[PDB]
Amino acid sequence: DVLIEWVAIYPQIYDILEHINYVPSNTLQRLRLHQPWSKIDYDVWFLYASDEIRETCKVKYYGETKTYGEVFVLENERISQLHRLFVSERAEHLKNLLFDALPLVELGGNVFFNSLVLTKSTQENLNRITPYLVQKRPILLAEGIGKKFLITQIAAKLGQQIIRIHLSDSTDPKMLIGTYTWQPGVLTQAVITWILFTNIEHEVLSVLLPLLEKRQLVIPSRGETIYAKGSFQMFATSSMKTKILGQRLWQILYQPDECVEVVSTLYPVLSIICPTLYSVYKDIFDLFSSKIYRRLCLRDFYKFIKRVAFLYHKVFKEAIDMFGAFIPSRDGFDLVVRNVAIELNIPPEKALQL
Amino acid sequence: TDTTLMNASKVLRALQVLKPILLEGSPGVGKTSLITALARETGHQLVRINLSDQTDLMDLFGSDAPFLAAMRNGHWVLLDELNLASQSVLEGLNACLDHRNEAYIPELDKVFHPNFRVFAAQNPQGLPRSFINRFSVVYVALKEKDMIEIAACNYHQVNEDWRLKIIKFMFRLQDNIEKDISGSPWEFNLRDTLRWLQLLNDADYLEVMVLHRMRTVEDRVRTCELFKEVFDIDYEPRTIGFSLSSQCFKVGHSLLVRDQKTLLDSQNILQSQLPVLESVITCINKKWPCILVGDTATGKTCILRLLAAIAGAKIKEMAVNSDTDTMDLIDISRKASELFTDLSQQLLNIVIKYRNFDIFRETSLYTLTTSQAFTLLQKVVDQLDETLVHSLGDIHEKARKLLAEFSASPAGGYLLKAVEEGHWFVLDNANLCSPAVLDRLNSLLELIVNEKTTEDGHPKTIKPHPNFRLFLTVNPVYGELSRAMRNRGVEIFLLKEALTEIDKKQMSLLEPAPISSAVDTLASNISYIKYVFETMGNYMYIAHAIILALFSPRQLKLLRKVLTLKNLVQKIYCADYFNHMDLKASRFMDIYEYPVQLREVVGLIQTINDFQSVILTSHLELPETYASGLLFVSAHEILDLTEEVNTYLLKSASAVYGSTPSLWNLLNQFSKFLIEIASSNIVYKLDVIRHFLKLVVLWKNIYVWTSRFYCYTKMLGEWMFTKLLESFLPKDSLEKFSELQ
């Protein structure tokens, strides 16, 4: 109802509550229907023309008084004073106050209404990405911080399923839209029914601009742009800046806390033998730095924690001995073994050739 | 011409031997030197074979036909852009040059053109040394007095010495720009000279749209210096202004037919872009090739977006940088969806004018915005069930009766939609697509379009170009547009300024107000009137004068309608609608009428600023009206002060009823002379108004400076010593005060 009063005051939380269930009125459909793409057909006085048709039509009850048409100037300062007042936090408290006529009001960093947890630099990252994900511009993120996992668990905080297309430099427009001879399409399916793309940095750019410019696509064969009227936030990932999304998408930017994290994750790995294996990963990095065709990561240390967890039902020198098996010189395998036995106890070379 | 006749004499010498004639000439010309000679050649048809990339040999022998008809009927076959060929079509051309007749595979073995000489556009060099040694090559520069001779076809509405000045200016401009730092190739060709000459015939503008296209501001300063060196003037920039009325939106010696509005946009006026938004609007009116060139993220799509948004010219864009092809510019359900969309468009334009329709016709409209397309047949039922309905069903029932074939056999352009409709096309981001794609575009740049999706032997060029403007964005990040399309367009850079109200309105999503906050004039009026009547933060004379001098006459009526100093301005509003410009507007109309002038009364101080060369002619027709307004307002102040006159001056004015006054008459008669000078034909015919205002300040300064009566009277006598009645009243009051003195 009248909470569209504060319609564009806060972000589209109120527009989402409308998308649950809402109808028009005179000044209501005057107000909220001005979005970036529709077809009006209820009051097309607003878009019919700007001559004395639109320059002289009417407007019903603008401050509950009936001016004519240009009460936009009555309103495009009245809403701007509210947009100034909302620079003064408890803004979401005001939005929840404003919802006073009990839906799935999600909190978060600020608010919403739609595994991978942390209370760390990841909390500041979720702080840095609550804003634009509320504002629904296309976002990005710019190795090994779990940024794909960050977006994945962010979508898990939502009610959204991140179809994660790893677009590549050989991609056709198929999983974009599909080829017919009627094409089902994949990106068109997610536009139809949260989306994520990766390897965007290395045609496809034009398709991104069509999705990016406005929530609609160039379906060339079927001939219909798609009103993407849900939560179609087409988040991406690459660590560079060279694309049109550098103009188009609102770009956005502590590993040793992983020590606590697996301590959080694996309960019976509460020993810092875990952190000793993190130091073993550091020593593996120092041995790499015959040719380092691999990079020890927090994903890699998490997988080492996984194989150690598989062990710990039952020592584990063989475990990290597997964790450097990608080493094309057996001398280098022996050096990894020496580094490990330095991190471990005394020399079991018996295990080294079992 | 003369030299053109020498080149044509060379081509005549060339035709005396049976081979292909190649034009081995320096660039810039084009094949006009053979496009024209055919008219002076024995009825020889001009087969302008624009040989390009997407051009198969099957597009040159067919039969499984322009080159085929030229092999059949004898003609001049102008083969454009041989260097851009696919090297089996090149082989086919070599075979055609050979004496042996074509030995087709595809229908028959070979064809038996008594004298079909084929001329060859040896383009900017590539060609194979066998194709370029079986032909015959003909050599091809213009001259300055010869350029005046070519200008003589344009010197009807041209000051002829100013024509020689424009020609010498372009020549020495290129000759001086090709010797220093200023970056681009900087073409500056004779097509631009003829463009400026034919721009002159539709009355500063020449300098504006021939040196807005120097991007580095230092080079712009040097170009203005060269303009002073040649044209002998000072290139002070004529300030433009956004007059945005209903039937026309206009900026600075450029209007626009702002007629039916499609876009319904969401970007604002961007007032700092007003210095270049005009320079394309003129380019939108002269039907020149719009090139919103320049640099990235500065705002270029918003310029053309706002321009054809206010104009309503149905912007539609194609991002030609995807290595797109010439065929990309020029299956049941696709036609069904296009039918639904066009049905919606025609129903929209229907409900625009005769707003009476509803009935499942509104359900037909909802269906129109909604293969298994059998429901479209239901649409035709709605097309089944007046004369406006007849005009809609003319397209609709025809396309739907064709759509009855939606159970039949199938057989499954970009710009050719807009070139045949009335939309405005935006080749966006179009720096790096192809040279030849823009070459086939520039074939249509100078209109008739030769397609190949037609049937057999006929070109069928679509001449609907009225409201069809090639607006090409660019950026500097990729490679620049090629020198051909640079040499055949209106280059217009853009930059970044961020002025005060500009940055206030662009980033206004926090603040409360823009300045020009719509694309509808009845809103923009109340917007700017809410701004400048809030931007206001012996005084109020020049204030009230300039304030009631800058606001528009429609805005003057509006300020009266909206009824410290602004409160007293309502008295000035009543007194102005009494006597702001009673016959002063008659001088302005007649004074305004002799010079080229608008159709109505929209701008005043911009009109005062607008004849900026004319009032630099010393006529001062517009300026004297401005001072006359100050005379009237100051006069009203002096007269109300004198009605208040109806401490020593208080004593004299009382002694109308110390004793024996001399000051009161000395004031009251001169103030009567003032109000006489306010309201009368020679009062309109009165720079001397400044001298009268000197006395107006003088009567002010004496009513403040009210012993010294002798000297003050001698001063009033000097401003009289500075027409009969207006000093005659000072003569009476002064001789009376000197009878007292």
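Structure values in brief
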| quantity | calculated |
| --- | --- |
| Unique match (being surrounded by fewer than 13 Cβ atoms within 10 Å (Cβ to Cβ), among the β-branched types (V, I, T) and assigned to a helix (DSSP H, G or I)) among B:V381, B:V351 | B:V381 |
| Residue within segment B:261-271 that is out of contact with any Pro (no Cβ under 9 Å at 6 or more places or on another chain), over 26 Å from B:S182 (Cα atoms) and assigned to a helix (DSSP H, G or I) present | yes |
| Count of segment B:521-551 residues which are touching a helix residue (DSSP H, G or I) at 6+ places or on another chain (Cβ under 8 Å) and under 15 Å from B:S246 (Cβ atoms) | 3 |
| Total residues in segment B:533-572, condition within 14 Å of chain A (Cβ to nearest Cβ), in a helix (DSSP H, G or I) and over 27 Å from B:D259 (Cα atoms) | 1 |
| Selection count, segment B:442-492, where residues are in a loop (DSSP other than H, G, I, E, B) and touching a strand residue (DSSP E or B) at 6+ places or on another chain (Cβ under 9 Å) | 8 |
| Residue ID - nearest to the other protein chains (Cβ to nearest Cβ), chosen from residues in segment A:222-240 that are surrounded by 17 or more Cβ atoms within 10 Å (Cβ to Cβ) and small (G, A, S) | A:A228 |
| Helices (runs of 4 or more DSSP H) contained in segment A:73-160 and holding at least 3 residues in contact with a strand residue (DSSP E or B) (Cβ under 7 Å, 6 or more places away or on another chain) | A:121-135, A:147-157 |
| Residue within segment B:53-67 that is on the phi < 0 side of the Ramachandran plot, in contact with a strand residue (DSSP E or B) (Cβ under 6 Å, 6 or more places away or on another chain), part of a loop (DSSP other than H, G, I, E, B) and buried (at least 17 other Cβ atoms within 10 Å of the Cβ) present | no |
| Residues that are assigned to a loop (DSSP other than H, G, I, E, B) and under 23 Å from B:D265 (Cβ atoms), drawn from segment B:288-316 | B:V293, B:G294, B:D295, B:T296, B:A297, B:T298, B:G299, B:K300, B:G312, B:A313, B:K314 |
| Evaluation of B:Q247 against (1) within 14 Å of chain A (Cβ to nearest Cβ); (2) of a type outside the set (A, V, I, L, M); (3) touching a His at 6+ places or on another chain (Cβ under 7 Å) (one fails), failing number | (3) |
| Extreme residue, nearest to the other protein chains (Cβ to nearest Cβ), among residues of segment A:61-78 that are closer than 22 Å to B:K353 by Cα and crowded, with 17+ Cβ neighbours inside 10 Å | A:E70 |
| Selection status of B:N442, within 24 Å of B:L415 (Cβ to Cβ), within 12 Å of another protein chain (Cβ to nearest Cβ) and either in contact with a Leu (Cβ under 9 Å, 6 or more places away or on another chain) or surrounded by fewer than 21 Cβ atoms within 10 Å (Cβ to Cβ) (or both) | no |
| Count of segment B:457-496 residues which are more than 14 Å from every other protein chain (Cβ to nearest Cβ) and within 21 Å of the chain's Cα centre (by Cα) | 22 |
| Qualifying residues in segment B:497-523 (those that are under 17 Å from A:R78 (Cβ atoms) and among the polar types (S, T, N, Q)) - the one farthest from the other protein chains (Cβ to nearest Cβ) | B:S508 |
| The one condition in (1) of a type outside the set (F, W, Y); (2) more than 14 Å from every other protein chain (Cβ to nearest Cβ); (3) buried (at least 19 other Cβ atoms within 10 Å of the Cβ); (4) not in a helix (DSSP H, G or I) that B:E420 fails to fulfil | (3) |
| Helices (runs of 4 or more DSSP H) wholly inside segment B:630-738 that include at least 1 residues being under 19 Å from B:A575 (Cβ atoms) | B:663-678, B:681-684, B:688-705 |
| Subset of segment A:10-60 (residues that are under 28 Å from A:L97 (Cα atoms), within 12 Å of another protein chain (Cβ to nearest Cβ) and of a type in the set (A, V, I, L, M, F, W, C)) | A:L33 |
| Filter pass, B:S272 being out of contact with any strand residue (DSSP E or B) (no Cβ under 7 Å at 6 or more places or on another chain), surrounded by 18 or more Cβ atoms within 10 Å (Cβ to Cβ), more than 14 Å from every other protein chain (Cβ to nearest Cβ) and among the polar types (S, T, N, Q) | yes |
| Residue ID - surrounded by the fewest Cβ atoms within 10 Å (Cβ to Cβ), chosen from residues in segment B:430-439 that are over 22 Å from the mean Cα position of the chain (by Cα) and farther than 18 Å from B:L79 by Cα | B:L432 |
| Among the candidates B:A655, B:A635, residue that is within 29 Å of B:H544 (Cα to Cα) and among the small types (G, A, S) | B:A635 |
| Segment A:191-212, residues that are within 14 Å of another protein chain (Cβ to nearest Cβ) and either more than 19 Å from A:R137 (Cβ to Cβ) or in a strand (DSSP E or B) (or both) | A:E203, A:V204, A:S206 |
| Count of segment B:283-316 residues which are in contact with a helix residue (DSSP H, G or I) (Cβ under 8 Å, 6 or more places away or on another chain), surrounded by fewer than 21 Cβ atoms within 10 Å (Cβ to Cβ) and away from chain A (no Cβ under 13 Å) | 4 |
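Let's see how each residue does on (1) at the interface with another protein chain (Cβ under 10 Å from one of its Cβ atoms); (2) part of a strand (DSSP E or B):
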{"position": "B:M318", "(1), (2)": "yes, yes"}
{"position": "B:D323", "(1), (2)": "yes, no"}
{"position": "B:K335", "(1), (2)": "yes, no"}
{"position": "B:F340", "(1), (2)": "yes, no"}
{"position": "B:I359", "(1), (2)": "no, no"}
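A quick note on method: Cβ atoms are made from the backbone with ideal geometry, for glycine too, and the neighbour counts reach across all protein chains shown. Each reported figure results from applying straightforward, stated rules to the coordinates on display, with no laboratory input.
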